[PDB]
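Inspection log for the structure reproduced underneath, given as structure tokens.
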Amino acid sequence: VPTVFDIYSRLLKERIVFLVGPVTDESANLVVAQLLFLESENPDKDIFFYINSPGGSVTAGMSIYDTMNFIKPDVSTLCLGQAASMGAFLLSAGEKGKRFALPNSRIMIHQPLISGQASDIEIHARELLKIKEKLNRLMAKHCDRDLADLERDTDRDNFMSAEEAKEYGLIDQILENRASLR
Amino acid sequence: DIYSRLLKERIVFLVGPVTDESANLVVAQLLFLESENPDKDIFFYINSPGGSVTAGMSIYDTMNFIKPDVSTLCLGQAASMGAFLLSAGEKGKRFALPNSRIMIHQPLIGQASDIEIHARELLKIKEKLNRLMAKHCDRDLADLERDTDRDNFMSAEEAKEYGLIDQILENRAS
Amino acid sequence: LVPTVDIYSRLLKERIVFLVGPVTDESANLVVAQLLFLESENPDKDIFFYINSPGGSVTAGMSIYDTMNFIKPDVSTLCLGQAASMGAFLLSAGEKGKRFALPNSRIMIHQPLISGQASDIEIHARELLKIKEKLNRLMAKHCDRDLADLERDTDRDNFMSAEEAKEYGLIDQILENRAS
Amino acid sequence: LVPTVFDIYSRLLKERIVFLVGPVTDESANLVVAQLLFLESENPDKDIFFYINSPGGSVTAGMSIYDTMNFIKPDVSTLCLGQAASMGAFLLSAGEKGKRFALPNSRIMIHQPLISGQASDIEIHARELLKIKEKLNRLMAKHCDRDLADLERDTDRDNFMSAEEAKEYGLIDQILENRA
Amino acid sequence: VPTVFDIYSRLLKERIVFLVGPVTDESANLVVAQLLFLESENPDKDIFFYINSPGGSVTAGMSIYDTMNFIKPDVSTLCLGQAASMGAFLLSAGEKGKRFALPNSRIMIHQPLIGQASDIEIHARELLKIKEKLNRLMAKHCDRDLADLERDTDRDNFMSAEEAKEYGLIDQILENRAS
Amino acid sequence: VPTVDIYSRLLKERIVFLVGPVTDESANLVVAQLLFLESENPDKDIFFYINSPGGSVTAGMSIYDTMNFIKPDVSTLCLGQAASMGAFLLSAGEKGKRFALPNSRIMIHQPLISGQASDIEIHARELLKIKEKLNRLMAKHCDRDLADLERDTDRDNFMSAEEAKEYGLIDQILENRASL
Amino acid sequence: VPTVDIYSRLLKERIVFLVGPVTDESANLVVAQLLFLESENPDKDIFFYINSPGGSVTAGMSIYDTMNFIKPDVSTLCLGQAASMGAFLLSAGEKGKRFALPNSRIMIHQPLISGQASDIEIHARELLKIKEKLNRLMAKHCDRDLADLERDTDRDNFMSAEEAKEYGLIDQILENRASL
Amino acid sequence: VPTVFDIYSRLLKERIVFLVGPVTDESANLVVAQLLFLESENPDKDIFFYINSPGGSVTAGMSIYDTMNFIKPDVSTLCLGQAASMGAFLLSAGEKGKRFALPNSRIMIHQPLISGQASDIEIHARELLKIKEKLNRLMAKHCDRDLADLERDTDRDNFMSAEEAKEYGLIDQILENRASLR
Amino acid sequence: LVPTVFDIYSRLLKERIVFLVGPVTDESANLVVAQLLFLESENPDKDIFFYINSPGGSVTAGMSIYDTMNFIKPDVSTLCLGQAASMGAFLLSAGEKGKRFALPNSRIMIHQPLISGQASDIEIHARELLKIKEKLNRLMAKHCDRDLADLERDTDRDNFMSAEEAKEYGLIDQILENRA
Amino acid sequence: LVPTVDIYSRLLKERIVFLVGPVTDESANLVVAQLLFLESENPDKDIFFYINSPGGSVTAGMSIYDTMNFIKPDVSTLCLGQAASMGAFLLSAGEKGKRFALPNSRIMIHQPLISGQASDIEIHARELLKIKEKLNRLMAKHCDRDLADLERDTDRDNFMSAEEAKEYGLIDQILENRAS
Amino acid sequence: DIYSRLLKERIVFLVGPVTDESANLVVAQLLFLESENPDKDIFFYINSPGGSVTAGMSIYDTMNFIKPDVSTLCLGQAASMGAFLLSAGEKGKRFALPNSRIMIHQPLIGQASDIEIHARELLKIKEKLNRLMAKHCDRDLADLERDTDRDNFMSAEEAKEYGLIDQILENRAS
Ligand SMILES: [K+]
Ligand SMILES: [K+]
Ligand SMILES: [K+]
Ligand SMILES: [K+]
Ligand SMILES: [K+]
Ligand SMILES: [K+]
Ligand SMILES: [K+]
Ligand SMILES: [K+]
Ligand SMILES: [K+]
Ligand SMILES: [K+]
Ligand SMILES: [K+]
């Protein structure tokens, strides 16, 4: 990581935080920690959360989501490359009006998928369906859409261009260069 | 071979895990014995820890389909599907040797939509087997749900009291 | 590890043929060979095809299906244990009026599954979708059902009891014993 | 693992039926060669029935069967069941013209050759592969009564065909639904 | 396996049945099948059950044990090489007066050995029931007190043929066709 | 890594490297260097040196959109090779500032890849969307017609520096700082 | 193996097969068949069918010396392929009775292989002795000059049946029993 | 193995015995058993021992050697393909005057090679050297040569053509076809 | 694992020494590229000393170094220590003429390219490999002041050379025994 | 896992360089780099090269050897533990009069060891034999011994005590302490 | 780091197996400590099961070569080459902690010609180490051959009586 500080620590001084690759407990908590630090540095200035992720752990992603909502600074989100599954959930969770994608980003949403005794399978199946239901409800809220839309649109993999994600309510604006924003 | 010779005495064995292959071999022997003589008892000796539910159901439904009475005998152990099949023997002709042990328990083992479908199917299987075992044991479904929630080991005498077998045989003095 | 009197050859004399376990080229062709043999021994007598299978290769299954329909004897089918996917397809393909299940059999139906360059992925995706359509049209015919029902009812795994399979049109009768 | 009757495949050999099932290997191909030579020796004046359910395999092992078919006196009638892909399709199309058949739900697939050191050696083996590619196209066009350029176009990528499409192409002569 | 009949089927004509190596469901049931076959052949003649086994599955061993007592023929036992754990249990289960060992055989006896806490509890309890029943039956075979067997199986207990005769596990040691 | 580290020292000269496979992590490191250099001075050119066989399409698009997004012109330099997504990024450099060294090689091709039919259908459609979008963008980079890119990427297409320049993928070949 | 076993039945017709790699065991089985046929009748031709990619040089020499040792002429037939030691044995057949089918292929090359310098020296010298001896024998089989074989086996040399015949490796190409 | 008897059992009726591939306890004892059987069938008729072997276990080879010397029938030996190490030892052990090779056979002789505490290594090293010495002495006897020749000529791998093996004393005659024998 | 002085290789970089050790990979080659670019930036008027002990590796990674050597202003003097084989020899011979050296017991080896799908793809990649083979021969003949046909002859198989033989060939200019 | 005051860098200040374990390109080049560094720090002061190595790559060892002889400082060598094969070669290559061993060191010398097509095996066998001759000539010079002695004495592994190595000419003195 | 700090107190550790790398790290620390002060004692703490003979000899010869006295201390265990090095400490300054254990034993580990060469070398090594240990212990070579034929475990007191160490230290009260 090229020092100049290492490059990512240098960009954190500009209040940029990256989520790259799969969402795990460790990658999620490092994002969380940066969020908490930037709030400590300045609780009123925007934070810029750059997401390039295929998704990953649901609980790890929820640690990021809840921290984004907790802290005082607005967390603006930007998809580069892709935001799929939990990546898309988090992209759509950015401060409304400050959710962005670059022109050739790809977004994808879908229902939960997973890798004992019948009693235990019942317990975990019921929990998995509650998780599916909660994510559809939260996403509907982010997207300003009907819950029935999210139930329909996550039954199988739903790949979206940047424009399709904006029309869906998942992001607010597509930025090709600086000139954009409106 | 020894097992072919004993088939001539109308003896059929279930030994070791219940698989599609081991179950169907039992099914074929049952159908053969019925073809040779549809009216004479068959002796089904079970020493098995269980295995596949559908493979076991192929044996169960064959036992009930064919004309011969299928007498069952537990030697060593009959656990899970082994115990189900032991209890399925013709009533009055279900036996265990004195130091046999029985064990009964509930069934064991993508997208959320698919997990839901399969969990539902597993719970349907669990209830059907409990209802069928209750019928074999002349007990209630609620007793079987109770008593199979975790592994439930039974001696021969305990199995007889429960209704899974009719008699314990030390020797031919019934 | 077969007993000898072998048992499956002895039962082939009673015109009984088994499909047990996954459908592969080798397991399917052994069935084909038995069907052709039985037709050779007597072309007018029914054959009894006992099925306990989770399915497998579609093309291997189609070799069985087309042989069942080609040969002169009626092929009666019996599900014991389970008939899932291609197994269910074959169970439903037996001579109408002679498709049976034992009472605690399980049937399951679903759409095709698969467990390079974009051009080639395109060619193979199109072929898998053609297979999906053909099997729905064929199953709808076996079941005396509408294509739109089969398309719907196979989108995900669809488990059926013996009585549900009868109501659906996949089998004709449930047999509890030799008095049904 | 084969039923006894005295082995079922040997029993069907008495009916002049020869199977090719699964991948074409030196050993599986020579087994077909051996059966063809045997059937010709037993009676050179009766057709042989070559049933194919194969995804293909080694080109050279396939040519050993091909040249044997054409060498011996009997007409080798071919039948596709399940599938005949790559070398399997080549051999299906090589059956005596007028005696090439498919069952209704069999599928055919044709394509150009595939393979799964020093530059001088890469050159040598590459040259041989393209020689195989051109030869097989020339022979397939001959089997299909088609122009070489059609086969060149149609074998660049995997080309799947239903029995009706394969008949229209010239690879088979007739589709058999049953004994009618 | 050489042929004459293969060698073991030929010795079945002498009513000799072998248990060799680890006791498994499959090895145990093959023994049961031979015992049942010999009883059908002649229920009034003794069977000679030669044991060279380190032990194995308790339930597989019990299937042989109960069959030995179930069938009409006397089941004479002979240890060659070793009879350890379940092998020793089966050796001592022979018809009393007809349990034998060769002079350099070795016998060994010991106690049985091998999820959610609830399941561990269930299985530990079953293993301890196994422990008590096995001690109860061995004391019966050896004509000893339950407390002796409890004491003497807490850890591995190796016994010579003479020691095994002294304990009550066998009746006679055979060097030649002696007795 | 020699220390002054060598890559940070060259970052001072606005040199950024893409070496080896394009992954989420290697692509994002480039993005961070591009963003950093923009912060340091938004009007001076950046020199993006590429020796890469390709890799992830979406990881590469993250580099692409960043190149087009920031104010600095991103000049590209192929050294060794620029294949697939590497060649894509070489061609995305600011028109007039795309270069290769004389024995560099470029290669272009259509996308490559290494469940249920419904899902296979969804991903096949998305892959063909990717193929079309990339052909559309490359045709623009090269000031060529889409049908030329469709034709010219059906299989691996290797190009010398001189061939890549004529194609419109690069602007100039640089032997030294006097070939400009 | 179909039963009459198929290979024993063809052994009655003095047909012996070499299929797949030449190993000590496959080579010695051929030797035993050749010796047996000599015992049955020492004056009638033997037909040695070869579909082999080669294998062990010494195992192959055991076949060679046996062919030359026994009284019967050993006619050879290449089907599929005869490569390396396989082609060597094809060419060792009784001159005038070496054949190939029309789409057979032959390949020839120099020996291939897959400690202390003193030992490496010993085995390198023995391998070059093998190379020379085999080139010397092949030149004789083909009625050609040694320098031609040295030149023509430096790398893999693939030959059609027509090319192998012109070379002197085979005598005739057989389409059927009328091409003779 | 083509029945006609299987082919090798058929050739055993003509008193032909094969050793093919590596010499192991099991392959050696099967050769031994055939030797004992043929002696039982007829103790005065020659036996023909065809050898195509790279060698193998020294003790297993010695079981063959000693059985060949024990039984009443002469054991004539024939190398086809190759006879290396213990294969060569056994080839050279055939009845003198009846040791043969086909024209392109290869023979090879060499000293023993092999795949704890120093005391144990000493014991096994001393045994290995005794084995080396005994094989050189026995081979010298088979070859009618000086022991010093065998010590020299087995220090490293010594590959021999059929003619070189005949001149060495290892075989008696090379047979190209039936006409040979003398 | 490098001694501290501030790292030893960085310390020798202060003396304008650059090492290539072991296989040429994208990452090891770009590390050399980076050091060359750094040394030119620090002082374009001083020679760089490129010490090579390498068995070769990726041709394209080697070309990235080659083109950089020729691109930058400094003379890149090369020195063989231990060995320079394949791409290592190519780069050694590419040093500024008059400044190519070997130590007395170093060894050089040159050879043609090596490599360690569908026939259409085999053709494409084979064609590129032979293009690499001809290009490298043309460039080596240029480095060695020799005729192309000499390099064609002399690189067909592994060609090992002592320092004195490599000097006579034209690959190096002088052998250095010590500082004299 | 080095202690810090790191220890090997601290001892490099006293002009001590270690070779420990197998000789590889990387371990040899680290030594070369230290030798060149020490020469740079002071070209007239002795360097102390401590060797505990079983040997390894000949070409990597030759890179060390030629650097020892090239640089201006005398390189004194010290064997501790063992110096086997290339380690012994390097121990013996130290400045004459300044080659030492500790009293319980072990030295061992032997001929080279190595742990495709006949043509290539020939080329490489010839190169291994050239290496064998060069190392014998060079060791004979270091030891002030005849080539015929080194040829003889390296045919198999030859272990030497410190006193035997002195008598042989490989070292000059055995050092028991700083009073020898 | 902790070990760098203790090196400042002239403490050097041998922990775990003796390898070329672990031995040479010890050698380098010994030479460094001598360079810093050639006259002050060095404290070499050994907890080792042994390992490579030649790697151990590199330490041994360095201990004897450098000017500083090398005091040795066994903590935990010193077995095989660990025990050899413990006994090699400057006489009068070889120590063990009270529950240390020592163990001594003989050395442990192609063509017949090569096996002969290496077996001979192994037996030469065995005798040299026995002669050297005898010297350290003020014992006879024949005692050491006797007493190392198989693993010979010794307590601290047994090791002191044998001559491998001089004193057992419970604390600084020598
Ligand atoms: K916030
Ligand atoms: K019944
Ligand atoms: K029909
Ligand atoms: K024909
Ligand atoms: K009894
Ligand atoms: K830009
Ligand atoms: K002949
Ligand atoms: K004899
Ligand atoms: K330059
Ligand atoms: K010097
Ligand atoms: K000292």
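The way I read the labels, and the way they are meant: chains A, B, ... in the order of the structure tokens, residue 1 as the first residue of every chain, and ligand 1 as the first ligand shown, with later ones counted on from there.
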
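Restricting the atom set to only C-alpha atoms and all ligand atoms, one finds that the residues within 7 Å of ligand 1 amount to residues 68, 69, 70, 71, 72, 73, 74, 75 and 95 of chain A.
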
Tell me which protein, DNA and RNA residues are within 12 Å of residue 99 in chain A, counting only C-alpha atoms, leaving out same-chain ones fewer than 5 positions away, and put them as a ChimeraX atom specification.
-> /A:47-51,74-80,88-94,142-143,162,165-166,169-175,181

Store the residues picked out above, limited to C-alpha atoms, as an mmCIF file, in the first residue's frame.
data_model
loop_
_atom_site.group_PDB
_atom_site.id
_atom_site.type_symbol
_atom_site.label_atom_id
_atom_site.label_comp_id
_atom_site.auth_asym_id
_atom_site.auth_seq_id
_atom_site.Cartn_x
_atom_site.Cartn_y
_atom_site.Cartn_z
ATOM 1 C CA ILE A 47 -18.367 10.696 5.254
ATOM 2 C CA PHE A 48 -17.808 9.104 1.823
ATOM 3 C CA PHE A 49 -18.295 5.285 1.764
ATOM 4 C CA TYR A 50 -17.013 3.668 -1.437
ATOM 5 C CA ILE A 51 -18.410 0.182 -2.009
ATOM 6 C CA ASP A 74 -24.187 11.662 7.005
ATOM 7 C CA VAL A 75 -22.692 8.605 5.272
ATOM 8 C CA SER A 76 -22.797 9.182 1.484
ATOM 9 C CA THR A 77 -22.438 5.944 -0.524
ATOM 10 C CA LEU A 78 -20.771 5.330 -3.899
ATOM 11 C CA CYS A 79 -20.819 2.125 -5.916
ATOM 12 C CA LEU A 80 -17.726 1.513 -8.049
ATOM 13 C CA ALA A 88 -26.320 -3.367 -2.533
ATOM 14 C CA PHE A 89 -28.131 -3.227 0.816
ATOM 15 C CA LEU A 90 -25.420 -0.985 2.195
ATOM 16 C CA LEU A 91 -25.249 1.150 -0.960
ATOM 17 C CA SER A 92 -28.966 1.759 -0.704
ATOM 18 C CA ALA A 93 -28.550 2.671 3.022
ATOM 19 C CA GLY A 94 -26.532 5.808 2.392
ATOM 20 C CA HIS A 142 -34.531 2.622 1.394
ATOM 21 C CA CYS A 143 -36.000 2.411 -2.126
ATOM 22 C CA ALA A 162 -26.832 2.176 -12.678
ATOM 23 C CA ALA A 165 -30.898 1.182 -9.748
ATOM 24 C CA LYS A 166 -31.640 4.931 -9.714
ATOM 25 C CA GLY A 169 -34.945 4.056 -5.706
ATOM 26 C CA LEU A 170 -31.701 2.295 -4.683
ATOM 27 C CA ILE A 171 -29.407 5.244 -5.441
ATOM 28 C CA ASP A 172 -30.096 8.953 -5.924
ATOM 29 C CA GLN A 173 -27.741 10.013 -8.716
ATOM 30 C CA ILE A 174 -25.276 8.641 -11.277
ATOM 31 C CA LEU A 175 -22.015 10.588 -11.430
ATOM 32 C CA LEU A 181 -24.415 16.035 -8.512
#

If we count only C-alpha atoms, which residues of chain J reach to within 12 Å of chain G? Please list them as a ChimeraX atom specification.
-> /J:110-133,151,154-157

Identify, with DSSP run on backbone atoms, the residues in chain K assigned to strand (DSSP E), and express the list as number ranges by chain.
-> K: 11-15, 42-48, 70-79, 94-96, 101-104, 152-155, 167-168

For the selection just defined, write its residues with N, CA and C atoms to a file, as a compact mmCIF listing (two decimals), in the first residue's frame.
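Saved file out_30.txt follows:
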# COMPACT_ATOMS: atom_id res chain seq x y z
N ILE K 11 22.51 -12.81 28.06
CA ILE K 11 21.78 -14.07 28.08
C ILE K 11 21.42 -14.50 26.65
N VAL K 12 21.75 -15.75 26.31
CA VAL K 12 21.45 -16.36 25.02
C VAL K 12 20.66 -17.63 25.27
N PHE K 13 19.55 -17.82 24.55
CA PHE K 13 18.70 -19.01 24.66
C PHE K 13 18.85 -19.99 23.48
N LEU K 14 18.78 -21.29 23.79
CA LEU K 14 18.57 -22.37 22.83
C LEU K 14 17.26 -23.05 23.26
N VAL K 15 16.24 -22.90 22.43
CA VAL K 15 14.90 -23.36 22.73
C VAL K 15 14.41 -24.18 21.55
N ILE K 42 29.25 -15.19 29.46
CA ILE K 42 28.00 -15.30 28.72
C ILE K 42 27.17 -16.39 29.37
N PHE K 43 25.84 -16.20 29.40
CA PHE K 43 24.87 -17.11 30.02
C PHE K 43 24.00 -17.71 28.93
N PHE K 44 24.19 -19.01 28.72
CA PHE K 44 23.58 -19.77 27.63
C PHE K 44 22.54 -20.69 28.25
N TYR K 45 21.27 -20.36 28.07
CA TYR K 45 20.17 -21.08 28.70
C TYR K 45 19.61 -22.07 27.69
N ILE K 46 19.54 -23.37 28.05
CA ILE K 46 19.22 -24.44 27.10
C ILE K 46 17.94 -25.13 27.56
N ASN K 47 16.93 -25.14 26.68
CA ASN K 47 15.71 -25.95 26.87
C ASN K 47 15.48 -26.62 25.52
N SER K 48 16.07 -27.80 25.31
CA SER K 48 16.07 -28.27 23.94
C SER K 48 16.01 -29.78 23.95
N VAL K 70 31.57 -19.34 28.56
CA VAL K 70 30.14 -19.58 28.33
C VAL K 70 29.60 -20.47 29.44
N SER K 71 28.86 -19.88 30.36
CA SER K 71 28.17 -20.60 31.42
C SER K 71 26.90 -21.19 30.84
N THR K 72 26.58 -22.42 31.20
CA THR K 72 25.37 -23.05 30.67
C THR K 72 24.35 -23.31 31.78
N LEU K 73 23.07 -23.23 31.42
CA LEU K 73 22.00 -23.49 32.38
C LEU K 73 20.91 -24.31 31.70
N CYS K 74 20.59 -25.48 32.26
CA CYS K 74 19.46 -26.29 31.79
C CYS K 74 18.18 -25.89 32.50
N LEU K 75 17.19 -25.46 31.74
CA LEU K 75 15.84 -25.25 32.26
C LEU K 75 14.87 -26.06 31.41
N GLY K 76 13.97 -26.78 32.09
CA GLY K 76 13.08 -27.68 31.39
C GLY K 76 13.77 -28.98 31.01
N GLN K 77 14.49 -28.97 29.89
CA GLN K 77 15.23 -30.19 29.53
C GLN K 77 16.40 -29.87 28.61
N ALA K 78 17.37 -30.76 28.64
CA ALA K 78 18.48 -30.75 27.71
C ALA K 78 18.73 -32.20 27.32
N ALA K 79 18.29 -32.57 26.13
CA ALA K 79 18.36 -33.92 25.61
C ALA K 79 19.22 -33.95 24.36
N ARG K 94 28.55 -24.78 34.78
CA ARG K 94 27.48 -25.54 34.14
C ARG K 94 26.42 -25.85 35.19
N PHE K 95 25.18 -25.43 34.93
CA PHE K 95 24.15 -25.49 35.94
C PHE K 95 22.85 -26.10 35.40
N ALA K 96 22.03 -26.53 36.35
CA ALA K 96 20.65 -26.93 36.05
C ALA K 96 19.75 -26.45 37.17
N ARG K 101 15.52 -31.96 33.45
CA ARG K 101 15.95 -33.31 33.14
C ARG K 101 16.90 -33.33 31.95
N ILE K 102 17.86 -34.22 32.04
CA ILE K 102 18.85 -34.43 31.02
C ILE K 102 18.59 -35.79 30.40
N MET K 103 18.93 -35.90 29.14
CA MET K 103 18.93 -37.20 28.49
C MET K 103 20.04 -37.27 27.45
N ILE K 104 20.75 -38.41 27.43
CA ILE K 104 21.85 -38.67 26.52
C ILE K 104 21.58 -39.99 25.81
N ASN K 152 18.90 -42.39 27.95
CA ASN K 152 19.33 -42.44 29.33
C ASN K 152 18.88 -41.14 29.98
N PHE K 153 17.78 -41.18 30.71
CA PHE K 153 17.23 -39.99 31.35
C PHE K 153 17.88 -39.79 32.70
N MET K 154 18.20 -38.54 33.02
CA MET K 154 18.86 -38.17 34.27
C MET K 154 18.20 -36.96 34.90
N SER K 155 17.99 -37.04 36.21
CA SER K 155 17.62 -35.90 37.02
C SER K 155 18.80 -34.95 37.13
N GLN K 167 26.68 -27.74 39.27
CA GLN K 167 25.85 -27.40 40.42
C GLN K 167 24.38 -27.33 40.00
N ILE K 168 23.51 -27.63 40.95
CA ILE K 168 22.07 -27.42 40.82
C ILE K 168 21.73 -26.16 41.57

Protein and nucleic residues near ligand 9, 6 Å, only C-alpha atoms and all ligand atoms, as a PyMOL selection string = chain I and resi 69-76

Using only C-alpha atoms and all ligand atoms, what does the table of chain B residues within 10 Å of ligand 2 look like, with each row giving the shortest atom pair and its distance in Å to one decimal, sorted by chain and ascending number, as CSV?
residue,atom,partner,partner_atom_place_in_ligand_line,distance
B:30,CA,ligand 2,1 (K),9.5
B:34,CA,ligand 2,1 (K),9.3
B:38,CA,ligand 2,1 (K),9.4
B:39,CA,ligand 2,1 (K),9.5
B:41,CA,ligand 2,1 (K),8.6
B:42,CA,ligand 2,1 (K),8.7
B:60,CA,ligand 2,1 (K),9.6
B:61,CA,ligand 2,1 (K),9.1
B:62,CA,ligand 2,1 (K),7.7
B:63,CA,ligand 2,1 (K),5.0
B:64,CA,ligand 2,1 (K),4.4
B:65,CA,ligand 2,1 (K),5.8
B:66,CA,ligand 2,1 (K),4.7
B:67,CA,ligand 2,1 (K),4.9
B:68,CA,ligand 2,1 (K),4.7
B:69,CA,ligand 2,1 (K),4.3
B:70,CA,ligand 2,1 (K),5.5
B:71,CA,ligand 2,1 (K),8.9
B:88,CA,ligand 2,1 (K),9.7
B:89,CA,ligand 2,1 (K),8.2
B:90,CA,ligand 2,1 (K),6.9

Excluding residue 135 in chain G and any residue of its chain fewer than 3 positions from it, enumerate the residues within 12 Å of it, using only C-alpha atoms, and give them as a PyMOL selection string.
-> chain G and resi 84-85+88+108-111+128-132+138-154

Output file for the residues above (C-alpha atoms, as a PDB file, in the first residue's frame):
ATOM      1  CA  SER G  84       5.673 -44.874 -31.169  1.00  0.00           C
ATOM      2  CA  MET G  85       6.217 -48.476 -30.104  1.00  0.00           C
ATOM      3  CA  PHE G  88       7.154 -49.900 -34.385  1.00  0.00           C
ATOM      4  CA  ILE G 108       6.854 -42.163 -35.054  1.00  0.00           C
ATOM      5  CA  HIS G 109       9.441 -40.453 -32.878  1.00  0.00           C
ATOM      6  CA  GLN G 110      12.698 -40.909 -30.985  1.00  0.00           C
ATOM      7  CA  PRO G 111      12.708 -42.340 -27.464  1.00  0.00           C
ATOM      8  CA  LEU G 128      21.161 -43.108 -27.190  1.00  0.00           C
ATOM      9  CA  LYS G 129      22.000 -46.758 -27.907  1.00  0.00           C
ATOM     10  CA  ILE G 130      18.249 -47.444 -27.841  1.00  0.00           C
ATOM     11  CA  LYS G 131      17.582 -44.534 -30.180  1.00  0.00           C
ATOM     12  CA  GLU G 132      20.131 -45.800 -32.674  1.00  0.00           C
ATOM     13  CA  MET G 138      12.785 -49.107 -38.447  1.00  0.00           C
ATOM     14  CA  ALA G 139      14.897 -48.237 -41.487  1.00  0.00           C
ATOM     15  CA  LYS G 140      15.056 -51.964 -42.238  1.00  0.00           C
ATOM     16  CA  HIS G 141      11.329 -52.454 -41.730  1.00  0.00           C
ATOM     17  CA  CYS G 142      10.625 -49.543 -44.066  1.00  0.00           C
ATOM     18  CA  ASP G 143      13.346 -50.467 -46.628  1.00  0.00           C
ATOM     19  CA  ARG G 144      14.774 -46.979 -46.150  1.00  0.00           C
ATOM     20  CA  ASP G 145      18.110 -45.427 -45.250  1.00  0.00           C
ATOM     21  CA  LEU G 146      18.925 -44.902 -41.590  1.00  0.00           C
ATOM     22  CA  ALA G 147      19.569 -41.211 -42.133  1.00  0.00           C
ATOM     23  CA  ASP G 148      15.944 -40.857 -43.259  1.00  0.00           C
ATOM     24  CA  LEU G 149      14.667 -42.414 -40.015  1.00  0.00           C
ATOM     25  CA  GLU G 150      17.051 -40.303 -37.926  1.00  0.00           C
ATOM     26  CA  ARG G 151      15.724 -37.197 -39.676  1.00  0.00           C
ATOM     27  CA  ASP G 152      12.096 -38.244 -39.638  1.00  0.00           C
ATOM     28  CA  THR G 153      11.861 -39.174 -35.937  1.00  0.00           C
ATOM     29  CA  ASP G 154      13.528 -36.114 -34.354  1.00  0.00           C
TER      30      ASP G 154
END
